[PDB]
Structures are given as structure tokens and as C-alpha cells.
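Remarks on the structure that follows.
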Amino acid sequence: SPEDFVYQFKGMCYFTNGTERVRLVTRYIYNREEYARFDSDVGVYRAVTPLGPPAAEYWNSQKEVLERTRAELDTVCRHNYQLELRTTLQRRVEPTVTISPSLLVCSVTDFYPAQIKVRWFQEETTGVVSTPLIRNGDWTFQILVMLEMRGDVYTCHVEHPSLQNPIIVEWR
Amino acid sequence: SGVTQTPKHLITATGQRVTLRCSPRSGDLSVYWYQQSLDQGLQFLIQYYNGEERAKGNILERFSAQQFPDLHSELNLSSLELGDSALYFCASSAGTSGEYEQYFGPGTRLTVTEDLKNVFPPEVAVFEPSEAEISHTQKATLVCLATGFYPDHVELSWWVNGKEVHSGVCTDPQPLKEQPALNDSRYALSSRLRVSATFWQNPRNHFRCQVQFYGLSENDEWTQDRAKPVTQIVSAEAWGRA
Amino acid sequence: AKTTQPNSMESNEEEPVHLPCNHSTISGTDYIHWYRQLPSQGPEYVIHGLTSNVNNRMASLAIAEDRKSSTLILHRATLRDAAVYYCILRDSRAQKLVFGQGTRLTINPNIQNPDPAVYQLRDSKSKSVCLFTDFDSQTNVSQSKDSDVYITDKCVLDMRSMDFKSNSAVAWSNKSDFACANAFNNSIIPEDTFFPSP
Amino acid sequence: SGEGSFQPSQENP
Amino acid sequence: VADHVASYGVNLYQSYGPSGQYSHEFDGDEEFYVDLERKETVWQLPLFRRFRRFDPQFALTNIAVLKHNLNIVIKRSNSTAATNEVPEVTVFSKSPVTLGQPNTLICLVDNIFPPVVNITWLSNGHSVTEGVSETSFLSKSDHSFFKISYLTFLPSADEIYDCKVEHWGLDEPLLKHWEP
Ligand SMILES: *[C@@H]1O[C@H](CO[C@@H]2O[C@@H](C)[C@@H](O)[C@@H](O)[C@@H]2O)[C@@H](O[C@@H]2O[C@H](CO)[C@@H](O[C@H]3O[C@H](CO)[C@@H](O[C@H]4O[C@H](CO)[C@@H](O)[C@H](O)[C@@H]4O)[C@H](O)[C@@H]3O)[C@H](O)[C@H]2NC(C)=O)[C@H](O[C@@H]2O[C@@H](C)[C@@H](O)[C@@H](O)[C@@H]2O)[C@H]1NC(C)=O
Ligand SMILES: *[C@@H]1O[C@H](CO)[C@@H](O)[C@H](O)[C@H]1NC(C)=O
């Protein structure tokens, strides 16, 4: 096996309740261990491994470095959220819903955002096996729900923010 | 500031190649080059960080730079044109991160000429204080005059009793043109030294105006009958008068 | 130009100066940098900021609420603070400094007891020099219209040991028609200017 | 309106 | 714990090559990456390409700092090499598979460390290159990576597919099969 030395720097933003709560966490990682970090709630660089003190102490002693990182809540986090509000947060992709026998599985594919509610109803039934929410990686999600199960018609109800009214798909 | 630059002055002919050296502050990883011309002002040329190029300005193909392992930098200006006559400033910062301020060197003053036969050392003269000034103010102003020099690469200093002085001294911000209409015109520069009348009236006091001229070097060619206008000190002195 | 500043600013020594700057096209990632350049010196960093009031050992920086303008505050500018002040927009992640025209700040010395006069000085060895001195900051020295007559701009010296400052301009010529009485004729010199009899 | 990004702090050399 | 999590961004630099990666993530998905050799920003959505802009110089400046930082910490940690992890491979379809209708096969390659992997597709044992796309090394909370490879195809009873994954953590190249 070849020798490898990996370095990672992750500048992460955490948003809660629109623009009300904003928090940033910068992570400096050697191989897989995060030796030093900066949490906006703490306000100063903190060593999180005995490999971190020479880095954390040096960055905190430099006022220009400390102030730039503190300001990164505005120059990065708050700045980019406004760019997300006009793009990503307005992305609404209607799901494709098709019922196929396998047991009748309700295939809910290619939707964004993650917020989805799928229920089988005839009245609503209890005793359904639903797979976890699958990330396709192409900015779309998929979820499959199976039920135990003459003349009666089975309806799959799907709720998503992209639709004003739910998509009703029957199986006679 | 901490940043050093060599040479301080340069006098070159059109078409020649020249190399400018710079040493950043001890610990500084990022190095920068700027050009200060009369026509374009302060212009960014290039940035180096840990030996590699990070940012480029409106730098010509004739211009090229490098950051060496000891983090020192060199700026090479080839096929020199009269328009290349400018101040070349070096700068350095702790790193490339945008919060880091830049520390600038003293700069290299480059004058590009069509012929190095245009280079002339100055003539220095000391004008003794006015008896009417001494009578009216009880102060004595000595005036120094450096004339007929090209390029305007001069450092004027006053020396009293073998000691360089700064108090009561004031020199023109820049040399003026003796022939403003003419290209490669020789320059003139003046300076004042003001002392008390009693100090000037002591005949044991010695006053010397020193003009350091930056001209041709041992690497510059010379084929003319007149003395080679080399980097030299031209002085004028005067004694206290009772 | 990304920033707009007044071309020139005049102020008295040991007095505060408020240097204004407009930058309406600023972005949320841009910093406001202030640099300066003293005569015959390399540029020097003053201060930088993002929002509101920023302070350091050298100056204060007041950035407007909309961030479209800012002010550099030099709390007590001295004769040594006479320089060109550049207001520069730079991205918080960039290093390249884009210098505009800037503001040329002139600091006026305090001439406690003005005594304007034009004196004649004789050479130590063997031209002749005329010295215009002890005039106040109100007096401005004009350039010569005569090609063979050379007149310098005003310059201020400080005799530290006597707590005394004075202004001075020098005029010289090779012409026989040149005399100290007519040397500064193109200049608006004071009425009370003393002209000694040679 | 250009994207904002975090800057890694330089290790002491 | 938040409503939205973003990485602006994931900065990666390793000694093997040497090689690096710059990307921005939002709610677990890749917005864009910067092609370090082309010095170009590549957005992962048409909406992003039309509305959003990122200067690649900032990505390249960041990798230059990471290179400096890595060489300092290598000397500090007495030259501690990366531990090779065993990756987890999951193969599935994007939409319900129907004979004749075009579909896409997703190959989730989770727990990648070091971020050096060869993800290829094999149709009936023979290699395929046409209609193959891949994501960048997407970050995880445990500072490991995951990559997702795609294969656009036409489902039939004649074609069988395999996702071939080569990694240092594996002794033999791993192969996850799929059948319509
Ligand atoms: C979610 O955020 C909103 C903020 O508004 C928006 O939220 C979403 C929808 C996005 O659009 C964002 O971009 C927006 O920001 C919260 O609502 C806000 O709640 C605060 C509660 O503090 C309230 O603040 C004022 O309350 C007091 C005056 O009315 C005042 O309290 C005291 O303050 C000092 C001490 O610091 C004291 O000395 C004084 O004497 C004073 O009594 C306080 O300082 C604030 O002025 C906001 O008015 C309110 N704004 C709006 C538009 O609603 C929301 O909070 C929740 O909802 C409100 C209505 C309250 O019920 C509150 O108690 C709830 O927490 C956030 N929700 C959650 C779940 O966090
Ligand atoms: C990828 O394939 C090449 C083929 O030459 C090989 O050299 C390299 O080591 C492979 N990478 C891994 C991680 O197996």
C-alpha cells in the first residue's frame, strides 16, 4: 500500500429558524483527526487533540486572524444564506409516483427538498414497511413504501412542498 | 517596515535587462511587486506565496518574477522602454489570507534613458547666511544647491562639525527640471539649514552640504573623454563667520 | 474606480482630520482598507474593517450602516502625517491592492510669529540665491514663468531645540537682470514683507 | 453576487 | 442539530499525487467543485450555473495554505501516515425499472479513506465508459468521504451490471452486482 498524508479544512455554517440562528464551525483535520477548531459560539480557536495547541495558541495570539474568523459569520455564513434563499431554498421538484407489484410498492422518486409524507389509504392502513430516505446525490431524493395487503382500490397519498394538492395514484 | 530592496537606484539604457532584489520581513511567506509610474500610479504586478505565483496584475511579458527557497524575491525587467521609468516597490505579508496587511520596502527608483551619455553628476554650492537675516531675526539660514545632475537620483544631507543633522533642515520634496521643455533634462535641488546667529558667528563651527549621487557603476560602459559619471559624493563646505 | 475620494485636503498640525470615501458598489465579502504613502516612501497600512467603527493604535475607521461610505479619522495629525491616503476595497480573501487617485493631505505648520522677508545670500566659493522665509501658511509660492529663473516650492524646517518652525522658498538665476526684489513677483507675497537694502 | 468562502488559518512556520 | 447545514467549503489536500479537492456542500449535496488543473468552477445544477458565481482563485489560494499546513503537522505528528478504511458499496436504481424505458444506476461508495478510489462499471463482465458520471468526494461528520457514480442505460433481460471499486483498504477489487 502507498504512503499518504491527508489534510482537511472544513468551514461549516449551521442555520436554524431562517436567519434567526447562525453558527460557524471551522475544522482543521490531519488525516482523520480534528486537531483544532473554531466555534462562533465559543469565539476563540480551541485545541481538540494534543496536536492542536501550537496551532490554536498561534492563531489566537494574532488579532487579524481572530477577527477575520469572527467576521466569517457575516462574510461567509450570512452572505451565502441570502444566495441560498434565491436558489436552493426555492428549489421545488415534484415527485414521480408509480405503484408496481413486487405486495404493492409506492415508488416516490426524484423530489427536492427532503420533506415528504407518504401514507396508504378505502381508509388509512397501519402495518407498512418504509425504507429510509435515500439520497440520489443529484439534488433529488427517493423513498419506497411497501404494504402487507377484490373490487377494492388502493390509493397512495403523497405530500410534498412542491405540490399545492397531493398526487393521488389509484391501483384497482 | 522590515522589507529590504536592492538596488535603491538604477540607471539603465533602452533595450537592456535589469534584475531587482527583495527580502521580505523575517517570517513573512507572501511577497508582492508593485510599479509606481507617473502615468498609471501604484499598480500591482505579481504575488508569490511559498515560492509559487498566487496573483497576477497587468504585468507585461517582458516582466517576470520569482520567489526563491529563502522566500526572497527577484523582479526581472527586459527590453526596457522609457515608459518603464518608475518606482518598483516590494511588499510582504505573513500569509495569503486576506486579513494580513502588507509591509512595503523602500523601493527601487529606475530611470530608463536613450543614452547613458546623458548621466551627469551634480555641482554643489553653499550660500552663506544673509547679514540682514542675522540682524532682523537673530537666526542664520544656510542654503545648499545641487545642480546639473541626471538622473534625479540624489540624497542630500547636512553635516555640522562632522555630525549629520536633521534639526533645522528642510529639503525640496523632489528635484526640479533645469530645461522643462527638454527630454533627459538635468536637475537642480535646494536645501536649507537654519541655525542661531550665535552658532553661525562661531568661526570654529564647520558646515558641510553632502550630495550622494547615484549614477554609473563598474558594470556600465564608458567611451567618452569626460570623467565617467559614477555613483559619488559631491560636497560644499563653509566655516562660521564673525 | 471602486472608491471615490476628494483629490486634496488641507489641515492644521496637531488637529483631527476626517478623510471621506465613497464605495457604493461594495460587496458583503469586501473589506475597507486604508493605506498611505509619505513623500519618497513605500506605502504603509493604516487600518481595515468590515462594519461600523474600527480602531487601532494609528487611527479610527467609521463605516456607514449601508457600508456604501466610510471615514478615516486621524485624531491628531502632525506634520509627519502629510501623505496621500488611499481608500481601497479588497475582498476579505484577496491580497492584490488596487490603488486609486486617493486624497493628498497637506498639514499646515503653526507659524506663531510671522516675519515674511526676502534675503540675498552670497556663495562661499564664488549665480546668486534669494531666500523667501518666515511667511505664514496663507502664503503660497508660485512657479516662475521665466525659463532662466528657478523657484522651489515652500518647505517647513523645525529648529526642535528652540520650539520654532519656519517656511522657506528658494529662487536663483544666472541672468544679470535677476535681483531679490523681483525674484518672487509671480507669487502673492505679503505686504509687510521685509526687503533689506544691499 | 459572488459566493463567500472560509479561509484556512496558516500554521506557524 | 440545525435546519440547514452548509460547508463553504470542503478543502482537501493529500501527499499522494500530490492531489487536492475544493467543493461547497449544502444539506449533504455538492453545489460545485473547482477543477484545480483548469482553474474553473463547475456547478452541479443548471439553476446554480445561471444564478451563482464563485472565483476559483480563492479555492487555489486555500489549497496552497493546506499544503503549507500539512508539511508543518507532518513534522509535528512525527510523520503519521493515514490509516486505510474498508469502503461500503450499495447499488440501486434512480427510478422504478421498466423494460424499454431509460433509467440510471446509482453506486454509493461510502466510508472512503484515504480519498483515493477507482469506481468503474462492468456490463456482463466487459467494461463500459459511455454514459458514466461521478460526484466528488463528499464529506462526512467522521471526516471520511463518500462518492456516488452513475450509469445511464436501457434495461433488458440481456444486460447484467456490476460496480467495480478499487481501494487500498481492500485486498481484492470489490464488485457489487445488480440485476433487472
Ligand atoms: C424564530 O425566529 C423569529 C424571528 O423572526 C423571523 O423568523 C423566521 C420566520 C425568519 O423569517 C427569520 O429571518 C426572522 O428573524 C422569532 O420571533 C421573535 O421572537 C423574539 C423572542 O425574544 C421576539 O423578540 C422581542 O421580544 C421582547 C419584546 O417583545 C424582547 O424581550 C426583552 O429583551 C430584553 C432582554 O434581552 C429586555 O431587557 C426587554 O425588557 C425585553 O422585554 C426582545 O428583546 C425582543 O425585542 C421577536 O419580536 C420575535 N419576532 C417575530 C417577528 O416573531 C421566533 O421566536 C418565537 O416566536 C415569537 C413570536 C415568540 O413567541 C418567541 O418567544 C418565540 O421564541 C423564533 N422561533 C423559535 C422557535 O426560536
Ligand atoms: C487506480 O488504477 C490505477 C491503474 O494503473 C492504479 O495505478 C491505482 O493504484 C488505482 N487506485 C486504487 C486506489 O486502487
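Basis: the model, the stated rules and, where named, an outside source; nothing here is a laboratory result. Backbone-built Cβ (ideal geometry, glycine too); neighbour counts: all protein chains shown.
For the residues C:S142, C:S187, the requirement of being at negative phi, under 18 Å from the mean Cα position of the chain (by Cα) and of a type in the set (S, T, N, Q) singles out C:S142. Restricting attention to region E:41-57 and to residues that are within 20 Å of A:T88 (Cβ to Cβ) and within 12 Å of chain D (Cβ to nearest Cβ), the residue that is surrounded by the fewest Cβ atoms within 10 Å (Cβ to Cβ) turns out to be E:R53. Considering each residue of region B:104-155, count those that are buried (at least 21 other Cβ atoms within 10 Å of the Cβ), in contact with a helix residue (DSSP H, G or I) (Cβ under 8 Å, 6 or more places away or on another chain) and among the hydrophobic types (A, V, I, L, M, F, W, C), and give that number. Within region B:104-155, residues that are buried (at least 21 other Cβ atoms within 10 Å of the Cβ), in contact with a helix residue (DSSP H, G or I) (Cβ under 8 Å, 6 or more places away or on another chain) and among the hydrophobic types (A, V, I, L, M, F, W, C) number 4.
Can you work out which of the residues in region C:99-124 that are within 7 Å of chain B (Cβ to nearest Cβ) and assigned to a loop (DSSP other than H, G, I, E, B) is surrounded by the most Cβ atoms within 10 Å (Cβ to Cβ)?
Kept after step one, since they are within 7 Å of chain B (Cβ to nearest Cβ), are these residues of region C:99-124: C:99, C:115, C:117, C:119-124.
Among the residues that remain, those that are also assigned to a loop (DSSP other than H, G, I, E, B) are: C:99, C:115, C:124.
Working: C:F99: 20, C:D115: 17, C:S124: 17.
Result: C:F99.
Scanning region C:20-55 for residues that are outside any strand (DSSP E or B), closer than 18 Å to C:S92 by Cβ and more than 9 Å from every other protein chain (Cβ to nearest Cβ) yields C:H23, C:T25, C:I26, C:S52. Looking across region B:12-54, just one residue is more than 30 Å from B:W222 (Cβ to Cβ), in contact with a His (Cβ under 7 Å, 6 or more places away or on another chain) and assigned to a strand (DSSP E or B), and that is B:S23.
The selection criterion, being assigned to a loop (DSSP other than H, G, I, E, B) and either touching a helix residue (DSSP H, G or I) at 6+ places or on another chain (Cβ under 9 Å) or under 25 Å from A:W59 (Cα atoms) (or both), holds for B:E101. Could you check, for region B:40-56, whether at least one of its residues is within 22 Å of the chain's Cα centre (by Cα), over 19 Å from C:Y35 (Cα atoms) and among the aliphatic types (A, V, I, L, M)? No, there is no match, as no residue in region B:40-56 is within 22 Å of the chain's Cα centre (by Cα), over 19 Å from C:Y35 (Cα atoms) and among the aliphatic types (A, V, I, L, M). Restricted to region A:33-54, and to residues that are in contact with a strand residue (DSSP E or B) (Cβ under 8 Å, 6 or more places away or on another chain) and part of a loop (DSSP other than H, G, I, E, B), which residue is nearest to the other protein chains (Cβ to nearest Cβ)? Within region A:33-54, the match that is nearest to the other protein chains (Cβ to nearest Cβ) is A:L51. Total residues in region C:77-95 satisfying the condition of being part of a loop (DSSP other than H, G, I, E, B) and of a type outside the set (D, E, K, R): the figure is 6.
Could you count how many residues in region C:6-49 are hydrophobic (A, V, I, L, M, F, W, C) and in contact with a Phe, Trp or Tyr (Cβ under 6 Å, 6 or more places away or on another chain)?
Keep residues of region C:6-49 that are hydrophobic (A, V, I, L, M, F, W, C), which gives C:9, C:17, C:19, C:21, C:26, C:32, C:34, C:38, C:46-47.
Still in the list and also in contact with a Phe, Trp or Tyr (Cβ under 6 Å, 6 or more places away or on another chain): C:19, C:46-47.
So the answer is 3.
No other residue among E:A64, E:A82 is within 19 Å of the chain's Cα centre (by Cα) and not in a strand (DSSP E or B) apart from E:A82. Checking each residue in region E:28-40 for being surrounded by fewer than 19 Cβ atoms within 10 Å (Cβ to Cβ) and either in a loop (DSSP other than H, G, I, E, B) or at the interface with chain A (Cβ under 10 Å from one of its Cβ atoms) (or both) picks out E:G28, E:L36, E:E37, E:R38, E:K39.
Applying the selection to region C:4-59, what residues are among the polar types (S, T, N, Q), in contact with a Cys (Cβ under 8 Å, 6 or more places away or on another chain) and within 30 Å of B:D172 (Cβ to Cβ)?
C:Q5
Only one of the numbered conditions (1) under 29 Å from B:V165 (Cα atoms); (2) out of contact with any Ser or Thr (no Cβ under 6 Å at 6 or more places or on another chain); (3) surrounded by fewer than 20 Cβ atoms within 10 Å (Cβ to Cβ) is violated by C:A171, and that is (3). For region B:59-94, name all the residues that are outside any strand (DSSP E or B), within 23 Å of E:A59 (Cβ to Cβ) and either away from chain C (no Cβ under 14 Å) or polar (S, T, N, Q) (or both). Across region B:59-94, there are no qualifying residues.
Residues in region E:95-133 that are of a type outside the set (A, V, I, L, M, F, W, C), within 14 Å of chain A (Cβ to nearest Cβ), surrounded by 15 or more Cβ atoms within 10 Å (Cβ to Cβ) and out of contact with any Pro (no Cβ under 8 Å at 6 or more places or on another chain): E:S95, E:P96, E:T104, E:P114, E:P115. Only one entry of A:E72, A:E33 meets the criterion of being crowded, with 18+ Cβ neighbours inside 10 Å and farther than 19 Å from E:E30 by Cα, and that entry is A:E72. Among the residues of region E:127-180, not one is of a type in the set (V, I, T), more than 19 Å from E:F92 (Cβ to Cβ) and outside any loop (DSSP other than H, G, I, E, B).
For region E:99-137, how many residues meet the condition of being on the phi > 0 side of the Ramachandran plot, away from ligand 2 (no atom under 16 Å from the Cβ) and of a type in the set (S, T, N, Q)? Step through it out loud before you land on a result.
Quick first cut of region E:99-137, residues on the phi > 0 side of the Ramachandran plot only: E:100, E:111, E:124-125, E:131.
Next, only the ones that are away from ligand 2 (no atom under 16 Å from the Cβ) stay: E:100, E:124-125, E:131.
If we keep only those that are of a type in the set (S, T, N, Q) as well, we get E:124.
So the count comes out to 1.
Does E:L105 count as away from ligand 1 (no atom under 16 Å from the Cβ) and not in a loop (DSSP other than H, G, I, E, B)? Yes; evaluated as a whole, the condition is true for this residue.
Considering every residue within region B:210-221, establish whether at least one is over 18 Å from the mean Cα position of the chain (by Cα) and small (G, A, S).
No: zero hits.
Of all residues in region B:135-177, those that are farther than 24 Å from B:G215 by Cα, away from chain C (no Cβ under 11 Å) and not in a strand (DSSP E or B) total 2.
Counting the residues of region A:2-32 that are away from ligand 1 (no atom under 16 Å from the Cβ) and either touching a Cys at 6+ places or on another chain (Cβ under 6 Å) or within 13 Å of chain D (Cβ to nearest Cβ) (or both) gives 13.
Filtering B:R194, B:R204 for residues that are in the same structural domain as B:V126 (by CATH) and buried (at least 18 other Cβ atoms within 10 Å of the Cβ) leaves a single hit, B:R194.
Of all the listed residues (C:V141, C:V84, C:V129, C:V149), the sole one being more than 7 Å from chain B (Cβ to nearest Cβ), surrounded by 18 or more Cβ atoms within 10 Å (Cβ to Cβ) and more than 24 Å from C:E15 (Cβ to Cβ) is C:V149. Residues in region E:138-175 that are more than 12 Å from chain A (Cβ to nearest Cβ), out of contact with any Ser or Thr (no Cβ under 6 Å at 6 or more places or on another chain) and within 16 Å of ligand 2 (Cβ to nearest atom): E:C163, E:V165, E:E166, E:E172, E:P173, E:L174, E:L175.
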